[PDB]
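Novice: Once you've had a glance at the structure underneath, I'll fire off some questions.
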RNA sequence: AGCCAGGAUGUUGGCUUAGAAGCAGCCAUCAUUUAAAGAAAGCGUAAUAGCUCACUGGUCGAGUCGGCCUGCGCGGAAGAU
């Protein structure tokens, strides 16, 4: 429901961390709110996705880049990597050392933390206006 | 700024202080640890005796840590005890229920020392003179 | 009684036009206010104007105190300027200034447009804060009142367009 | 028909003690707190000092009815008066405790043998106000010129003479 | 009168009460550095906390306030073509 007014994603993410007591990991980042919620950013490729009718959500590679988000997008993408790092001492060491890593390893490391019940990846999309549901499934 | 606040007011029986009515919500919220507090709390309160009603004022450091100053047992409590009576009357002193010596009032005045507003222990004693009257102790010489 | 006898002290050569009942204050900032005052005498004097009743009238000495207040007010007008603060409270309420017309999403079906009279302008630091600047003290608070008439602050959660800061004591909902 | 005695009497009591006072200190302090005054009054009475807030109406009338040592004439705004009856220094020393804490630009003046001392100059005099250590420093300047400079010089010159 | 500032300490007085805590109720109805602050006049999480209060000192620089007797007015005052 990010099409609805008064919606801002980031506070909800903080509310889970504060009240409920597990760490959210934003496995997307939004593009806009109210009307302006008419795309999403995929942190994993740092690409961004659009819907028109239902049928533009068929188009599913380089649909856009995250544009003028980029400063916010950086710290969250670091937090994405930071989260995949702590799943073992070995991944953590590779991060500290000064090396870079892949989307496939990101999914494998993250998936162990989700599966064990450590880390809760947050995704986003208004269902009613047919935004992001297909993207939401991909994460499932 | 830092998660620090000073002189927060607390009254808890001396050296036993674990549960949520004694520790409140504030120890949990400010990151403070009850077990670690109990160890610090026994360490200034043993000498003046455990199990007494204690005034304690807590100052909080943002390392999830604590200091505490005790303003010693309250004079009203200490006078009631030093004259021995179990509890005052619903018409106290006017229709009294016990007695206190002046030598007993002065003994309170030394325990409350620097924390008494009066000029000297005779003035200070005169301050707790009115407290001792208020609780229904009849003043023997 | 006192402040029928507080006699201006005109700051920095303000333009004072005296018609024997009408006074017009001109300047830069607070330019071109006017007032028409009958039962009173106002002498220009040494930049330190004199207010009293015309011919010792019983009902005219009230209005001598009024004359003084409007005159001191116009002096504040050309010096300092006047009540800025309107702001909007709680979810989804937001407003954009468009020339001298203010469009406000105050949650009506049609986002409302309020247009300003001649002496006065506004602009918004961000869409939830509105700052008004204008010549005449009566006109500026009237625009604050007429905006505040679109939504009075509703006291359960304080939501509304709020002039100045404080406006309501607030209360609980279900309570006890 | 003006039957209130409190204002007529309390001027007289303050005039007697403020004439009797040795050094006194005149400060301004809207924005006071009970705590800071209470601890300072507490130690002051050991040292032979009272520190007071009194009406300015009362102090001006006190200067009017008798010539004043501790003022020339009263000062605008609120006025606090610290004054000492035993140790002469003491009234100013309490200001040098107080200045560390709440407010330090409060002092308008202090009076010393009835001459007025402004806010900057008092800060040196009040730092050392004890006479014995002051007599020793007045003597130290004269004692260096009189007898010290000769004896210190000949010891440095005998050390040069037996090193060559 | 406004404006600025203080508006405390023993002490969360005693009792009663789940709570009783200046401010539900009863009894004390005081003392203390004090220039001053009632063991409290009203609000306040019904009460812990929070806000104002008489009272205290500035700015302020003149009349001011409470009663009563008494003329006159006011609202209280809504019906049948």
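All Cβ positions, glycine included, derive from the backbone under ideal geometry; neighbour counts span all protein chains shown. Each answer follows from the model by the rule given with it, or from the source it names; none is laboratory data.
Novice: Which numbered condition in (1) within 9 Å of RNA strand E (Cβ to nearest atom); (2) away from chain B (no Cβ under 14 Å) is the only one that residue D:45 fails?
Specialist: (2)
Novice: State yes or no: is residue D:69 part of a loop (DSSP other than H, G, I, E, B), within 22 Å of residue D:10 (Cα to Cα) and more than 9 Å from RNA strand E (Cβ to nearest atom)?
Specialist: So residue D:69 fits the description; yes.
Novice: Residues of segment B:97-113 being touching a residue at least 40 places away in the same chain (Cβ under 8 Å) and within 9 Å of RNA strand E (Cβ to nearest atom), which ones?
Specialist: If the condition is that a residue be touching a residue at least 40 places away in the same chain (Cβ under 8 Å) and within 9 Å of RNA strand E (Cβ to nearest atom), then B:112 is the only one that fits.
Novice: For residues that are within 25 Å of residue C:77 (Cβ to Cβ) and either within 14 Å of chain A (Cβ to nearest Cβ) or within 16 Å of RNA strand E (Cβ to nearest atom) (or both), tally how many sit in segment C:136-166.
Specialist: Total meeting the criteria: 3.
Novice: If the requirement is being within 14 Å of chain C (Cβ to nearest Cβ) and under 16 Å from the mean Cα position of the chain (by Cα), which of these qualifies: A:33, A:48?
Specialist: The match here is A:33.
Novice: All but one of (1) farther than 17 Å from residue D:99 by Cβ; (2) more than 8 Å from RNA strand E (Cβ to nearest atom); (3) out of contact with any helix residue (DSSP H, G or I) (no Cβ under 6 Å at 6 or more places or on another chain) hold for residue D:77, so report the exception by its number.
Specialist: Single failed check for residue D:77: (2).
Novice: Looking at this structure, is residue B:89 within 11 Å of RNA strand E (Cβ to nearest atom) and not assigned by CATH to the domain that holds residue B:8?
Specialist: Answer is yes for this residue.
Novice: Being within 14 Å of chain D (Cβ to nearest Cβ), more than 10 Å from RNA strand E (Cβ to nearest atom) and touching a helix residue (DSSP H, G or I) at 6+ places or on another chain (Cβ under 9 Å): is that true of residue B:82 here?
Specialist: no
Residue by residue, here is whether (1) within 30 Å of residue D:50 (Cα to Cα); (2) free of Cβ contacts under 8 Å to residues at least 24 places away in the same chain; (3) within 14 Å of chain D (Cβ to nearest Cβ) holds:
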site	(1), (2), (3)
B:29	no, yes, no
B:37	no, no, no
B:43	no, yes, no
B:62	no, no, no
B:115	yes, no, yes
B:129	yes, no, no
B:136	no, no, no
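Novice: Out of A:42, A:53, A:64, which single residue is more than 14 Å from chain C (Cβ to nearest Cβ), within 25 Å of residue A:130 (Cα to Cα) and touching a strand residue (DSSP E or B) at 6+ places or on another chain (Cβ under 6 Å)? Please lay out each step first, then the result.
Specialist: Numbers: A:42 fails: touching a strand residue (DSSP E or B) at 6+ places or on another chain (Cβ under 6 Å); A:53 fails: touching a strand residue (DSSP E or B) at 6+ places or on another chain (Cβ under 6 Å).
After ruling out the rest, the residue left standing is A:64.
Novice: Which residue, of C:127, C:115, is more than 16 Å from RNA strand E (Cβ to nearest atom), within 28 Å of residue C:80 (Cα to Cα) and within 14 Å of chain A (Cβ to nearest Cβ)?
Specialist: C:127
Novice: Does at least one position in segment C:80-93 carry a residue that is within 14 Å of chain A (Cβ to nearest Cβ), in a strand (DSSP E or B) and buried (at least 16 other Cβ atoms within 10 Å of the Cβ)?
Specialist: Yes, segment C:80-93 contains a residue that is within 14 Å of chain A (Cβ to nearest Cβ), in a strand (DSSP E or B) and buried (at least 16 other Cβ atoms within 10 Å of the Cβ).
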